[PDB]
Enquirer: 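Below are the structure tokens for one structure; questions will follow.
The analysis underlying the following values was restricted to heavy atoms, covering all of them including side chains, and did not include hydrogens, waters or symmetry mates. Here is the naming used below: chain letters follow the sequence lines, and residue numbers restart at 1 for every chain.
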Amino acid sequence: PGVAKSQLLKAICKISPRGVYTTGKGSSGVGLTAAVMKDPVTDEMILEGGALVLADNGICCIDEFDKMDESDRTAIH
DNA sequence: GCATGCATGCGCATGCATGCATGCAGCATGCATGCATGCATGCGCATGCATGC
Ligand SMILES: Nc1ncnc2c1ncn2[C@@H]1O[C@H](COP(=O)(O)OP(=O)(O)O)[C@@H](O)[C@H]1O
Ligand SMILES: [Mg+2]
């Protein structure tokens, strides 16, 4: 504890053009991969992207890696 | 003086601008049904955790 790892993650997420900062249990399930929603404007079925889909061609920053679910860890794998 | 003919008022029918109610119909408004739509309910099922042994 207290060696400034999280500050480094915050900094590296501020320097990258595309980069997302997420914490262990606050981003679980469809908040990582994708979700099914209906588009209000075009009346079509879309897929909403999660953190991993927002950081495509970028850097993803995950904090408290040890606390995540097994399902979330499979996706990272 | 006397005989005559025209203008003026009296008497009689008729038409006609106002005005208003009633029965019938034409006419538009409000109502009943019927349905499309998207949201929220509540309900069993699978997963991840906290507890006991
Ligand atoms: N080497 C360091 N240099 C500067 N600040 C540090 C250093 N180590 C820790 N800190 C400070 O101490 C705190 C550590 O918080 P954090 O980044 O969450 O540490 P950790 O990731 O280990 O939990 C922050 O305020 C950070 O600025
Ligand atoms: Mg930390």
Side-chain angles (χ1 to χ4, degrees):
Chain A
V3 301
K5 296 191 301 301
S6 307
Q7 310 284 75
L8 280 164
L9 295 187
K10 300 290 283 294
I12 293 289
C13 178
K14 263 169 292 187
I15 301 151
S16 184
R18 282 164 79 95
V20 176
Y21 179 77
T22 45
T23 198
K25 293 290 285 185
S27 68
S28 175
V30 304
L32 286 174
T33 61
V36 178
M37 276 165 48
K38 183 177 182 290
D39 196 352
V41 178
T42 66
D43 295 355
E44 283 189 349
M45 273 293 189
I46 55 161
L47 276 162
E48 286 287 329
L52 294 174
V53 187
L54 286 174
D56 177 271
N57 281 257
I59 313 300
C60 188
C61 304
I62 303 164
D63 202 6
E64 308 269 11
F65 199 53
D66 53 344
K67 309 290 189 175
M68 318 206 308
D69 282 332
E70 197 174 1
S71 284
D72 299 344
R73 280 211 284 262
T74 288
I76 302 300
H77 207 261

Enquirer: Mind calculating the distance between NZ (A/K38) and P (B/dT37) to the nearest angstrom?
Expert: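 Taking NZ of A/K38 and P of B/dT37, I get 11 Å after rounding.
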Enquirer: Are the side chain of A/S71 and the backbone N or O of A/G29 linked by a donor-acceptor pair below 3.5 Å?
Expert: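 Answer holds: no.
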Enquirer: Do the side chain of A/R18 and the main chain of A/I59 share a donor and acceptor less than 3.5 angstrom apart?
Expert: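 Here the side-chain-to-backbone pair does not exist.
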Enquirer: Reading DNA chain B from 5' onward, which residue's closest nucleotide shows up sooner: A/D43 or A/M68?
Expert: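 So the residue in question is A/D43.
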Enquirer: Evaluate A/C61 against A/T22 for side chain to side chain contact (heavy atoms under 4.5 Å, CB included), listing each step before the verdict.
Expert: CA-CA 6 Å; A/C61 304; A/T22 45; over 6 Å; no
Enquirer: What are the two closest non-hydrogen atoms of A/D66 and A/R73, and how far apart are they?
Expert: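 Minimum heavy-atom contact is O-NH1, 3.5 Å.
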Enquirer: Check whether any side-chain N or O of A/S71 sits under 4.0 Å from OP1 or OP2 of B/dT47, and answer yes or no.
Expert: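 Checking B/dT47 against A/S71, no side-chain N or O comes under 4.0 Å of OP1 or OP2.
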Enquirer: Distance check needed: B/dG48 P versus A/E70 CD, whole Å only.
Expert: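 So the two atoms are 6 Å apart, to the nearest Å.
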Enquirer: Identify all stems in which DNA chain B takes part, counting only runs of at least 3 consecutive pairs (Watson-Crick or G-U wobble, each distance under 3.5 Å), and give each as one range with another, ordered by first number.
Expert: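 Stems found: none.
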Enquirer: Measure from CG on A/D72 to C1' on B/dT47 and round the result to the nearest Å.
Expert: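 Going from A/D72 (CG) to B/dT47 (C1'), I get 12 Å.
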Enquirer: Please determine if a side-chain N or O atom of A/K25 lies less than 4.0 Å away from the OP1 or OP2 oxygen of B/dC49.
Expert: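 Indeed, a polar side-chain atom of A/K25 lies that close.
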Enquirer: Applying side-chain contact (heavy atoms from CB on, under 4.5 Å), can you list everything that pairs with A/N57, at least two apart in sequence or on another chain?
Expert: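 In terms of side-chain contact (heavy atoms from CB on, under 4.5 Å), with neighbours along the sequence ignored, A/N57 is linked to no residue.
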Enquirer: Salt bridge between A/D63 and A/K5, side-chain N to carboxylate O under 4.0 Å?
Expert: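 No.
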